[PDB]
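Have a look below at one chain only, the form deposited in one PDB entry, in structure tokens format.
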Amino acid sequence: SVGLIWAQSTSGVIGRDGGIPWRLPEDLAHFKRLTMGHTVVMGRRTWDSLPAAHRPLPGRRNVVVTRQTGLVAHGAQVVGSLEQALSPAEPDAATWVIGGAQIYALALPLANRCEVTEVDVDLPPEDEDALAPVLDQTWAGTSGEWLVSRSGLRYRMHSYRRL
């Protein structure tokens, strides 16, 4: 099973200025809970975005997709395409594609599940933003309730599966 997992603003923004343009501890916890013990596949720019205490992501097999064959990525496995990332020598029962926008677009046709956090925050898109994929009629989903973060932001989780 190949799943995508992302958090987006209402407007679809997932990334800005090399990071994520809001804070939501409850979503970071959700991400850690769903991915721990599994393979996490990410694009090189997402690898570059991980803070030092979170690089590599602990307790997960980190796989980084790049065209730069000689990339130095200590703690991760470097691969040259998304297809390579999804064709491990050691299979994993659960593989999660964890971003960013470029890799989500490539992974969506190969995936059967998306776990999406919607964040109740108004962020008009800016020119260099990374944006979430859009789920068409081949996907169907179920929504959790609106939840209130300690910080004040509200958020809700959606679980989509391929029809």
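For the two forms, the rigid core is made up of the largest set of C-alpha atoms that agree within 1.5 Å on superposition. Only residues modelled in both forms are compared. For every residue, the number given is its place in the sequence shown, counted from 1.
Separately, the form deposited in another entry exists; it is not shown, and the next lines address it.
- Candidate set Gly70, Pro109, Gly37, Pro124; criterion, C-alpha shift of 2 Å or more between this form and the one not shown after rigid-core fit; matching residue, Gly70.
- Taking the rigid core as fixed, one finds a CA shift for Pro88 of 2 Å or more between this form and the one not shown.
- Compared with the form shown here, the Cα atoms of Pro91 and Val64 move at least 3 Å farther apart in the other form.
- Compared with the form shown here, the Cα atoms of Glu90 and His38 sit 3 Å or more closer together in the other form.
- The rigid-core fit between this form and the one not shown yields the following 3+ residue runs with every Cα displaced by 2 Å or more: 70-73, 88-93.
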